[PDB]
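Chain A is the first sequence line, chain B the second, and so forth, proteins listed ahead of strands; every chain is numbered from 1.
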There are 2 protein chains.
Amino acid sequence: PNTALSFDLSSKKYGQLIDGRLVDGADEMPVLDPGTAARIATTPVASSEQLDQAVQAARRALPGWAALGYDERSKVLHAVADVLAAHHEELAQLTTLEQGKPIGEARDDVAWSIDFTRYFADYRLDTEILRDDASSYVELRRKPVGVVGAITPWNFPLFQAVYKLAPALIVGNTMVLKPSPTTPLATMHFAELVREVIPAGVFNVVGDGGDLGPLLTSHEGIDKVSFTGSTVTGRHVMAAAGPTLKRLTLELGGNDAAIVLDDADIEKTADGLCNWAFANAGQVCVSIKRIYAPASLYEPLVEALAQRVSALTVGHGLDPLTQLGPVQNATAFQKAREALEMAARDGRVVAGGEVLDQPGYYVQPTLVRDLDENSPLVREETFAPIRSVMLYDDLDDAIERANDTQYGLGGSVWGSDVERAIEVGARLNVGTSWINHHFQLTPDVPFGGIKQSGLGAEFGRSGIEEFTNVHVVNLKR
Amino acid sequence: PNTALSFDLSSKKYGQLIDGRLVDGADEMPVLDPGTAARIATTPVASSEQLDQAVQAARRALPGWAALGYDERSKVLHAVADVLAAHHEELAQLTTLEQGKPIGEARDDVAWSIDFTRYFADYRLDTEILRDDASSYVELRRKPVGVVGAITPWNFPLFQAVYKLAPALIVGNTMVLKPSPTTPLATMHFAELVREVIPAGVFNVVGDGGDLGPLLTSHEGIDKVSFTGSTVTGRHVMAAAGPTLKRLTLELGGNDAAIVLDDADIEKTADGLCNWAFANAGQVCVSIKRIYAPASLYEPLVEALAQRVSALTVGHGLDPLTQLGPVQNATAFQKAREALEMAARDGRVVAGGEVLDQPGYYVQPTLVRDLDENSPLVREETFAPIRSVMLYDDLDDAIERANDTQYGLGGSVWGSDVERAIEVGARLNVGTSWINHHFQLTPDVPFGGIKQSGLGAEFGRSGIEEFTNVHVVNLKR
């Protein structure tokens, strides 16, 4: 479908933001639309030399930006949020065009960015007096970590950039951001919008042709790496940051389980389960990928879920009637076809199960029952709208099979008795246990993954402490 | 010298603490005395299979230990402190014997152990309610990270082992600890003392023949690695933990600079500088290795320093008159001899400058002035009692030459004007800035390094939170 864009996207020239200037790329990359499988734009891709330029500019901007102070950096973050609000629909359209999600989900992405940005625009970090006795005076100050290299994936491009961006800048760091090779459009466009709002070199964005990431993570000039992506890539990032002893924050995806209790309301939890299992075409680190239902409820829940899954409308994300868009790229599409074949082989498919006859990477929303428990579908992470419901006989059995994974990123428990639900949720080996919902991120609440899903926490005081170093001043009197 | 030990150390058989039992080593290792370079004990060395045994025991003890509750783990920690108190002189003797520092310093180490243990035995971490409104209820829980692998150096063997152990255990973790190959004696002996004080498998110790560290840091069973040691090894350790995405805390040594202001009291400042630069024979991560003096004070300061340095009495640590003992091991001794030649080559030696002709690794405390600032003596870390005083012409010049190092672990400023001294201390790129002293570690105050000197925090709320994982329980109402 055609856009609400105020400009011709196919002919628009995009520059990388380096030191407050728009710099043409060493090479250019075509940007496809997942919803049509057709080229829609061209974006710059940076060389190793341009990466060095951007790192150097961030280092140059570091002392002045840090000396600026919380109050004056705050005005810059508020200005960035204003630009987001002013171009809210534009940025959402750009995100749907390259990522493929429904235009409404993209609008939520922009809204989330605005609210995270404003929250951290008002954040304050103070000196702590840890000791003030006769013999000693000890204060803990929190100083910026340095230049932050941020790497963002393709499920939530603009939002993931902004939520790395806002807390890093408010505390005084400077940033170089590398978006995913398949989703640079909304990030490059946002960078162009804020080039004069943000002081030169405080924020720089460089285009990735698919090879830039390892160069960034091992760069001499980078002090901290904030990476969101696959667990395999995360392991490589941690090894690559080794020689330089980089500060590391890692968002690495998981196999979130939802356990439904015997007392749950079938219709309310079927609604939530459908929503969070298939949000963003299942392409969420914290998506509900495994549903565990007790024998009492397996049949009514699976039936309500299949009704809802089949009712979902699949189409281009710009169509306002679309509820589920395509998977983001060709590789995701092939992995989804393999998932569909596994679904037929190892289980009974009660909803969908096929590739749609559409130009573009459309996969039917698929619901699977009676799945073999060592099937790779449920054992490995599935970034696609193929979802499985599994029967359990005992609460202990359900919890141990929920925890029987390397991921431990997120989990949810669904039932009417909330304290029983909370006790069950505490038993999940994950960073966040949601109770009668799933996938809620707010700037004031820490988000993090344990086991193979992550290292630190991304938001909260835990997250702002992730972007700072402790400096103790200890005076003997 | 004569032992205060109630038993014959040369004949004593030592076992590794695995799963509440004393386990004979796969191999045996001689334990030399730095004061004589002669074998004084034999200690067990673990095989890789024994490392697997210790990690598995720690995993087994983990659920019961964490379930035990804060108060009941607290009683165990207090019993460990009591065992330290009961054997205070014994452990001080053993650590002087194997580490080589003066007996007074060994008693200080054991007292430090006792106080760190008590402070952390009384620590409590409770759930925080981040939201309690009508629509949502969000609480933050801190759960044990799991099994912690601890690696400690040869500077402060028993103390570094205890200050990793106490904060890790109080929050509910289990630990497998590997002491330095050249300093296992006091650690093994104390481990035997607590085999029945600590519930089986909560604390395990394995002997290192020089190969175990890489095995431990990449071990599948370990969830968190707490490493103190060389910066080179720390880089390897971070690379090695990459495939497992391990939680990591690294304390890696530094090149602490002391800046003396024009208003400083020369006598008080010479006493303090001599004390902190040569404590433990300069073998401290956070030792004063570079002193910067303004031109007004350079000559009187250098002579007060040189007089005090030459006054230091060098001898065996068990001798009560000894002020500075030998360096801990043969390779450190070799590096000290190389530093002495760099010192003669690149500077003017005003005190000491040579190794005494005695069996054992004795080096005269050495003071160097008029040093070439591109000399490796000042650029690289010197774990030996060779120290340099350098002139500065501008306060800004002194600060930037203090920071022109990859290290940033600690630093100090000395002067009569304390508010000006703090302004200067804040300009140092270090984890801790001491004003009018150096090297103060207390359990309630964070100790950490930036740049190439470290990753996490060691004590305080920071650093004890390093031993836990955040678990968010978020209920939608």
Side-chain angles (χ1 to χ4, degrees), chain A residues 74 77-78 81 84-85 104-105 107-126 156 159 162-163 166-167 170 256 258-261 263-265 267-276 279 284 286-288 409-428 430-449 457-466, chain B residues 124-143 461 465 468-477:
Chain A
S74 174
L77 270 46
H78 276 300
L84 279 170
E105 281 178 358
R107 281 162 186 141
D108 282 345
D109 274 11
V110 179
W112 260 352
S113 309
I114 285 159
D115 284 329
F116 274 64
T117 302
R118 303 226 182 258
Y119 179 81
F120 288 116
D122 296 333
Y123 213 95
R124 295 303 176 263
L125 273 174
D126 290 1
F156 295 80
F159 172 49
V162 177
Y163 77 61
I170 192 55
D256 290 16
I259 316 199
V260 191
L261 309 182
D263 62 10
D265 170 16
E267 302 276 289
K268 271 177 183 195
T269 83
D271 280 347
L273 287 183
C274 176
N275 185 44
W276 306 116
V284 186
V286 86
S287 181
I288 299 177
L409 178 70
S412 47
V413 180
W414 304 68
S416 186
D417 174 359
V418 316
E419 307 107 270
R420 179 74 216 159
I422 296 167
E423 298 170 307
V424 176
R427 286 217 255 144
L428 289 178
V430 293
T432 299
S433 275
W434 294 286
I435 306 301
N436 277 302
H437 58 331
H438 202 86
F439 182 16
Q440 188 194 46
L441 307 168
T442 74
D444 66 327
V445 182
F447 183 63
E458 304 285 9
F459 323 123
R461 195 208 81 264
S462 324
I464 219 78
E465 295 190 7
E466 207 76 86
Chain B
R124 300 290 172 282
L125 293 178
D126 305 352
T127 295
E128 261 215 72
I129 307 186
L130 309 182
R131 221 134 65 215
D132 192 353
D133 72 57
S135 92
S136 99
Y137 173 69
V138 174
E139 48 172 46
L140 164 41
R141 295 179 191 204
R142 287 186 173 272
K143 299 269 191 47
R461 202 169 61 42
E465 292 183 1
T468 72
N469 280 327
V470 155
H471 188 191
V472 163
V473 172
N474 179 336
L475 154 66
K476 197 201 203 111
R477 305 176 132 149

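Annotation: side chain of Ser462(A) is not in contact with side chain of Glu466(A) (no heavy-atom distance under 4.5 Å). Residues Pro446(A) and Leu130(B) have side chains in contact (heavy-atom distance under 4.5 Å, counting atoms from C-beta outward). Annotation: side chain of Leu261(A) is not in contact with side chain of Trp414(A) (no heavy-atom distance under 4.5 Å). You'll find the side chain of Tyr137(B) stays beyond 4.5 Å of the side chain of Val473(B), heavy atoms only. Side-chain contact between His78(A) and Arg118(A): present, with at least one pair of heavy atoms (C-beta onward) separated by less than 4.5 Å. Looking at heavy atoms from C-beta onward, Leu409(A) lies out of side-chain contact with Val430(A) at the 4.5 angstrom threshold.
Residues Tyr119(A) and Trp112(A) place their aromatic rings such that the two centres sit no closer than 6.0 Å.
At least one donor-acceptor pair closer than 3.5 Å links the side chain of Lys143(B) to the backbone N or O of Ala426(A). Side chain of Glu458(A) to main chain of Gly463(A): no donor-acceptor pair is present (N/O by atom type, distance under 3.5 Å, no hydrogens or angles). Of the possible polar contacts, none joining the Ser416(A) side chain to the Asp263(A) backbone as a donor-acceptor pair under 3.5 Å is found. In this structure, the side chain of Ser287(A) does not engage the main chain of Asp256(A) through any donor-acceptor pair within 3.5 Å.
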Verify side-chain contact (heavy atoms from CB on, under 4.5 Å) between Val424(A) and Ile435(A), making sure each step is shown before the conclusion.
CA-CA 9 Å; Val424(A) 176; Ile435(A) 306 301; over 6 Å; no
Begin from the C-alpha positions of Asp271(A) and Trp276(A) and carry the test side-chain contact (heavy atoms from CB on, under 4.5 Å) through to its verdict.
CA-CA 9 Å; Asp271(A) 280 347; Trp276(A) 306 116; over 6 Å; no
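Between the OG1 atom in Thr432(A) and the CZ atom in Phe439(A) there is a gap of 11.5 Å [rounded to 0.5 Å]. Rounded to the nearest 0.5 Å, atoms OG (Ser412(A)) and CG (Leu273(A)) are 7.0 Å apart. How far CZ of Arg420(A) is from CG of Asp417(A): 8.0 Å, rounded to the nearest 0.5 Å. Going from atom CD1 of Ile170(A) over to atom CZ of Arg124(A) covers 5.5 Å, rounded to the nearest 0.5 Å. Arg142(B) contributes atom CZ, which lies 4.5 Å from atom OG1 of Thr468(B) (distance to the nearest 0.5 angstrom). Considering CG of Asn474(B) and CD1 of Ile422(A), their distance stands at 10.0 Å, rounded to 0.5 Å.
With sequence neighbours excluded, the residues that form a ring-ring contact (aromatic ring centres under 6.0 Å, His included) with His438(A) are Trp434(A).
Using a cutoff of 4.0 Å between basic side-chain nitrogens and carboxylate oxygens, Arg461(A) and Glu465(B) are scored as salt-bridged. Look at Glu105(A) and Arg107(A) and you find no salt bridge, because none of the NZ, NE, NH1 or NH2 atoms lies under 4.0 Å from a carboxylate O. Note on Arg477(B) versus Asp132(B): salt bridge recorded, some NZ/NE/NH1/NH2 to OD/OE distance being below 4.0 Å.
A donor-acceptor pair shorter than 3.5 Å can be found between the side chains of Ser433(A) and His471(B).
Listed here is the closest heavy atom pair of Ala166(A) and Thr117(A): CB-CA, 3.9 Å. In plain terms, the two heavy atoms of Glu267(A) and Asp265(A) that are nearest each other are N-OD1, 3.1 Å. Across all their heavy atoms, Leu475(B) and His437(A) have their closest contact at C-CE1, 4.1 Å. The heavy-atom pair separating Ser136(B) from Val138(B) by the smallest distance is OG-CG2, 3.9 Å. The nearest pair of heavy atoms linking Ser113(A) to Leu84(A) is CB-CD1, 4.0 Å.
When each of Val445(A), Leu441(A), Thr442(A), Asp444(A) is paired with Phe459(A), the side chain to side chain contact (heavy atoms under 4.5 Å, CB included) condition holds for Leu441(A) and for no other.
The aromatic rings of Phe116(A) and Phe120(A) sit tilted, their planes meeting at an angle between 30° and 60°.
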